[PDB]
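Q: Structure incoming, see below.
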Amino acid sequence: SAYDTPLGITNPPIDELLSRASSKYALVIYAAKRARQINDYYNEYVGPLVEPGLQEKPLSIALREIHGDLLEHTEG
Amino acid sequence: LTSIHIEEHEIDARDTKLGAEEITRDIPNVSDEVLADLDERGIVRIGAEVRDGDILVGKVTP
Amino acid sequence: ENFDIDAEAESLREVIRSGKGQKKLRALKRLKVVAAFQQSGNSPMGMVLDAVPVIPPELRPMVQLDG
Amino acid sequence: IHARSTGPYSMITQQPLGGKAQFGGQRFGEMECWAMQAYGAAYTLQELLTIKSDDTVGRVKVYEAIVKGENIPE
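Chains as they are written, first to last, in the UniProt record's numbering: chain A, 24 to 66, 74 to 106; chain B, 738 to 799; chain C, 266 to 332; chain D, 1032 to 1105.
Okay, here's the thing in structure tokens:
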């Protein structure tokens, strides 16, 4: 199961994210709320956890983080 | 395969009940740059290159 | 004003039971609208207007055109 | 070719006035909404049919929020 390397938005790969959260629909909010938090930190102020890029976006950071298993979620 | 494309832009000094409309160069709230292309009439001179936003006909409503 | 929804609704539930056939259908067509007004918090007094509402002006606009 | 981040809004209808000439936005129709629902991009549709079109407090706040670089208000 080799893809050489991902690039841009397709990094990180979705199948490795779907393992982490219950479903893509959860993963969306999972990433989104975290991203809204990361957005807020620059201005709930926790993060960024993983060492971010120089000019990197909160969505990329959030979607990177979920893949790393630095976060945990509760389904309402 | 280059084409010439000619577009028409109309405006009318219609009468209102407050005063009357007039096509004139002088506008209260502008700079010299945007009315440099205009002439004594208050319309852009023949051949002055216009950009999307630039004034063509200076008209004032009462 | 001179109306009692409960008695009317009740009677209609009997007149359907009494005359089974074509008139039961009419009494049952009559029943549904009456039966609804019982459980409804709003009174059927509001079916008539002493005052009529007026839509916000902007949704019926009078704007002068370029002329 | 059309483009519109923000500009003039129409007076009678509180969505962006449509047209190439009038510096207008594009029509996000029902068949577009069905595709969006069929994905289930709830927030996307709930952005498109609100702050990105109709909502007078949303259309003014979204620009400020984006240019300041804050969270997009609900």
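Using N, Cα and C, we set each Cβ at its ideal position, and we do this for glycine too.
Could you compute how far the alpha carbon of C:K288 sits from the alpha carbon of C:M312?
A: Roughly 27 Å separates the two Cα atoms.
Q: Measuring alpha carbon to alpha carbon, tell me which residue in C:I320, C:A272, C:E266 and C:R278 is nearest C:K294.
A: It is C:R278.
Q: Please work out which residues of its chain come closer than 8 Å, Cβ to Cβ, to D:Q1053, disregarding the five sequence neighbours upstream and downstream, and give them in chain order.
A: Taken in chain order, the residues that qualify are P1039.
Q: Name the chain A residues whose beta carbon is nearer than 8 Å to that of D:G1071?
A: Within 8 Å Cβ-Cβ: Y48.
Q: In this structure, how does DSSP classify A:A44 when only helix, strand and coil are distinguished?
A: Coil.
Q: Which bits of chain B does C:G332 rub up against, with CB to CB less than 8 Å?
A: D749 and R751, listed in chain order.
Q: Is the beta carbon of B:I760 less than 7 Å from the beta carbon of B:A750?
A: Yes; because the gap between Cβ atoms is below 7 Å, this pair is in contact.
Q: Relative to the C-alpha of D:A1069, which candidate in A:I52, A:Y48 and A:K56 has its C-alpha closest?
A: Of the listed residues, the one whose Cα sits closest to D:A1069 is A:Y48.
Q: Can you check which of these residues, A:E39, A:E105, A:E74 and A:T28, is closest to A:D99 by C-alpha distance?
A: A:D99 has its Cα closest to that of A:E39, out of A:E39, A:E105, A:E74 and A:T28.
Q: Nearest to D:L1079 by CA position, among D:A1066, D:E1095 and D:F1059, is which residue?
A: Closest option to D:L1079, Cα to Cα, is D:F1059.
Q: Give me the residue from D:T1075, D:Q1046 and D:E1061 with the minimum Cα distance to D:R1090.
A: It is D:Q1046.
Q: Where D:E1105 and D:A1072 are concerned, what is the direct C-alpha to C-alpha distance, given to the nearest angstrom?
A: D:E1105 and D:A1072: Cα-Cα distance of roughly 15 Å.
Q: Kindly indicate the opening and closing residues of the alpha helix (DSSP H) around B:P799.
A: That residue, B:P799, is in no alpha helix (DSSP H); it is neither H nor E in DSSP.
Q: Alpha carbon to alpha carbon, how far is B:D752 from B:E758?
A: Taking the straight line joining both Cα atoms gives about 6 Å.
Q: Tell me the DSSP secondary structure of B:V771 in three-state form.
A: Helix, per DSSP.
Q: Apart from the five residues on each side of it in sequence, which residues of its chain come closer than 8 Å, Cβ to Cβ, to C:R291?
A: Taken in chain order, the list of residues that qualify is empty.
Q: Please name the residue in B:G756, B:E770, B:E777 and B:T798 whose C-alpha comes closest to that of B:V787.
A: Of the candidates B:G756, B:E770, B:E777 and B:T798, the one whose C-alpha sits nearest the C-alpha of B:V787 is B:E770.
Q: What residues in the region 1090 to 1101 of chain D have a beta carbon less than 8 Å from any beta carbon of chain A?
A: Residues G1100 and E1101.
Q: Taking CB distances under 7 Å as the criterion, tell me whether A:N34 reaches chain D.
A: A:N34 does not count as touching chain D.
Q: A:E95: buried (16+ other C-beta within 10 angstroms of its C-beta) or exposed?
A: Buried, by the Cβ-count rule.
Q: Looking only at C-alpha atoms, which of A:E102, A:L89, A:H103 and A:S46 sits nearest to A:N34?
A: The shortest Cα separation from A:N34 among A:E102, A:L89, A:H103 and A:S46 belongs to A:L89.
Q: Can you tell me whether B:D752 is helix, strand or coil according to DSSP?
A: Correct three-state label for B:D752: strand.
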